[PDB]
Amino acid sequence: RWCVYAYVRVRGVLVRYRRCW
């Protein structure tokens, strides 16, 4: 597992962030 560059998804509105998986 690691966290890198990504795009969130709050209220069907993608918003640049970090995602871990």
# chains A, B, ... in the order shown; residues from 1 in each chain; ligands from 1
$ residues_around --residues "residue 17 in chain A" --least-positions-apart "6" --cutoff "7 Å" --atoms "only C-alpha atoms" --output "ChimeraX atom specification"
/A:5-8
$ residues_around --residues "residue 3 in chain A" --least-positions-apart "2" --cutoff "8 Å" --atoms "only C-alpha atoms" --output "list in words"
residues 1, 5, 18, 19, 20 and 21 of chain A
$ decode --residues "chain A" --atoms "N, CA and C atoms" --output "mmCIF file, in the first residue's frame"
data_model
loop_
_atom_site.group_PDB
_atom_site.id
_atom_site.type_symbol
_atom_site.label_atom_id
_atom_site.label_comp_id
_atom_site.auth_asym_id
_atom_site.auth_seq_id
_atom_site.Cartn_x
_atom_site.Cartn_y
_atom_site.Cartn_z
ATOM 1 N N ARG A 1 0.817 -1.232 0.000
ATOM 2 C CA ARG A 1 0.000 0.000 0.000
ATOM 3 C C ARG A 1 0.849 1.279 0.000
ATOM 4 N N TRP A 2 0.330 2.268 -0.726
ATOM 5 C CA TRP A 2 0.958 3.588 -0.860
ATOM 6 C C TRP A 2 -0.073 4.602 -1.351
ATOM 7 N N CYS A 3 0.237 5.872 -1.100
ATOM 8 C CA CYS A 3 -0.622 7.000 -1.494
ATOM 9 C C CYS A 3 0.140 7.836 -2.518
ATOM 10 N N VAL A 4 -0.539 8.084 -3.638
ATOM 11 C CA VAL A 4 0.031 8.889 -4.736
ATOM 12 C C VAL A 4 -1.054 9.842 -5.267
ATOM 13 N N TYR A 5 -0.618 10.734 -6.163
ATOM 14 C CA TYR A 5 -1.482 11.643 -6.933
ATOM 15 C C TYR A 5 -2.754 10.931 -7.442
ATOM 16 N N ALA A 6 -3.860 11.670 -7.413
ATOM 17 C CA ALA A 6 -5.203 11.179 -7.775
ATOM 18 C C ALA A 6 -6.256 12.306 -7.707
ATOM 19 N N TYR A 7 -7.508 11.927 -7.952
ATOM 20 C CA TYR A 7 -8.648 12.858 -7.956
ATOM 21 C C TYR A 7 -9.773 12.296 -7.068
ATOM 22 N N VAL A 8 -10.080 12.981 -5.964
ATOM 23 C CA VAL A 8 -11.183 12.603 -5.052
ATOM 24 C C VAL A 8 -12.500 12.601 -5.827
ATOM 25 N N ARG A 9 -13.554 12.298 -5.097
ATOM 26 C CA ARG A 9 -14.928 12.269 -5.597
ATOM 27 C C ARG A 9 -15.912 12.548 -4.472
ATOM 28 N N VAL A 10 -16.088 13.833 -4.195
ATOM 29 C CA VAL A 10 -17.052 14.266 -3.170
ATOM 30 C C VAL A 10 -18.255 14.906 -3.873
ATOM 31 N N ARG A 11 -19.434 14.381 -3.544
ATOM 32 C CA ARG A 11 -20.740 14.839 -4.078
ATOM 33 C C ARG A 11 -20.786 14.847 -5.615
ATOM 34 N N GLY A 12 -20.404 13.704 -6.183
ATOM 35 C CA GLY A 12 -20.242 13.498 -7.649
ATOM 36 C C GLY A 12 -19.434 14.617 -8.338
ATOM 37 N N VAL A 13 -18.507 15.208 -7.594
ATOM 38 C CA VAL A 13 -17.641 16.309 -8.026
ATOM 39 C C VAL A 13 -16.215 15.887 -7.687
ATOM 40 N N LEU A 14 -15.548 15.417 -8.738
ATOM 41 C CA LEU A 14 -14.125 15.066 -8.648
ATOM 42 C C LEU A 14 -13.304 16.290 -8.221
ATOM 43 N N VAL A 15 -12.376 16.047 -7.314
ATOM 44 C CA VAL A 15 -11.552 17.149 -6.772
ATOM 45 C C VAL A 15 -10.151 16.603 -6.495
ATOM 46 N N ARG A 16 -9.159 17.087 -7.251
ATOM 47 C CA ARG A 16 -7.759 16.642 -7.108
ATOM 48 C C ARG A 16 -7.335 16.430 -5.641
ATOM 49 N N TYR A 17 -6.687 15.286 -5.393
ATOM 50 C CA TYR A 17 -6.231 14.898 -4.034
ATOM 51 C C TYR A 17 -5.159 13.771 -4.069
ATOM 52 N N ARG A 18 -5.008 13.108 -2.922
ATOM 53 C CA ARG A 18 -4.259 11.846 -2.780
ATOM 54 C C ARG A 18 -5.157 10.650 -2.448
ATOM 55 N N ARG A 19 -4.892 9.560 -3.158
ATOM 56 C CA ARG A 19 -5.612 8.300 -2.920
ATOM 57 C C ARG A 19 -4.637 7.188 -2.522
ATOM 58 N N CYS A 20 -5.089 6.433 -1.529
ATOM 59 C CA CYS A 20 -4.348 5.293 -0.968
ATOM 60 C C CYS A 20 -5.148 4.014 -1.265
ATOM 61 N N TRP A 21 -4.377 2.973 -1.551
ATOM 62 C CA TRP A 21 -4.849 1.640 -2.005
ATOM 63 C C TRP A 21 -3.672 0.664 -2.131
#
